[PDB]
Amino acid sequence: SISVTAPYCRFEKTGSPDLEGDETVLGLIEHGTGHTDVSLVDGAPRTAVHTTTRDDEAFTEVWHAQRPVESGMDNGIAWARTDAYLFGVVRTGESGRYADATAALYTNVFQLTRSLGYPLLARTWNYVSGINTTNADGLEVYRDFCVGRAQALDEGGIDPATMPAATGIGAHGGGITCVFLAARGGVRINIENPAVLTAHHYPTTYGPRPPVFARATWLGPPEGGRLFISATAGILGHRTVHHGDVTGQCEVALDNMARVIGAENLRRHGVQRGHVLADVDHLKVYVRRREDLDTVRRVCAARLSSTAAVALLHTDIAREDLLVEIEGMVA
């Protein structure tokens, strides 16, 4: 009856003119060599995150759905909504300590989704400055971030199984930035990977509080819906594999992505049609070492579609021994 479009992505050149005047823009994330505050630009939430080290790798990640009906800012979160979907962005400053601030940020996200009427989270991203550095309290920043996220779920009475696809990736400055998509209602199916341990079941080696996220999320009606794939690493079970071997890690990351979106895994989660890697688009490929970026580019180019939008970003991964990760979606 009512015309509805589920969220989708475009990659654009930062600083390039809006040639087409596309009313469907929800919000914008500028990947590059610095950061900014979060604000609304003509109704569209925007911020810049410091996710690479060369300006010639900068680009804008633009989320779309249909003409937004309302935008605002609450508790540091800039948001835009259509009647069916919500996009938000929020950040907390560079600091010696992050758990308490992260718990507050996620509390504010959960509260906004409840208050506005978009309770089904569909996708989250966390751009974590100094993700492998040690904080002022002597704890790795990623672990400090995980404590805060986990605390917010308890503060909100949130079932960890409801957390959707995610990314937890480094930045080179700018504290912690969280981006999210949420839905008014409808279909939101969180998907696991049969050879990868569920994140919030990770053993305490990775603690003191485990990560929490799904390996992919299906959002929306069977026709028109989207498959959002988490940032995906070279892990089997919970374990990092191919230590020191970025090619092997990249191959396993791509294998994990293919497994998550494959026909039989999707069927087992109630999703009716399967996919292959050539179907994935709007991929971001995070690479720890500058000297590995071309190596990784070539591995990916041998498996991804030649028409897929692919952006490589030079930045750290949630574990020091992870060298590469890939996220993307099927529209």
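Don't overthink the numbering: it's just position in the shown sequence, from 1.
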Would 223 to 231 or 123 to 131 have the larger average of its C-alpha temperature factors, as given in the entry? 223 to 231
Entry-level comparison of average CA B-factors, 44 to 52 and 299 to 307, reporting the higher stretch: 299 to 307
Max C-alpha B-factor within the set 266, 29, 38, 69 falls on 266
In this PDB entry, which of 293, 285, 280, 62 has the top CA B-factor? 293
Going by the CA temperature factor in the PDB record, which third of the chain does residue 75 belong to: lowest, middle or highest? highest
How does the C-alpha B factor of residue 319 compare with the rest of the chain: lowest, middle or highest third? middle
Taking the values exactly as deposited, rank residue 25 by C-alpha B-factor within its chain and report the matching third: lowest, middle or highest. highest
Would you check the entry's CA temperature factor for residue 206 and let me know if it's in the chain's lowest, middle or highest third? highest
Could you place residue 19 in the lowest, middle or highest third of its chain by Cα temperature factor, using the values in the record? highest
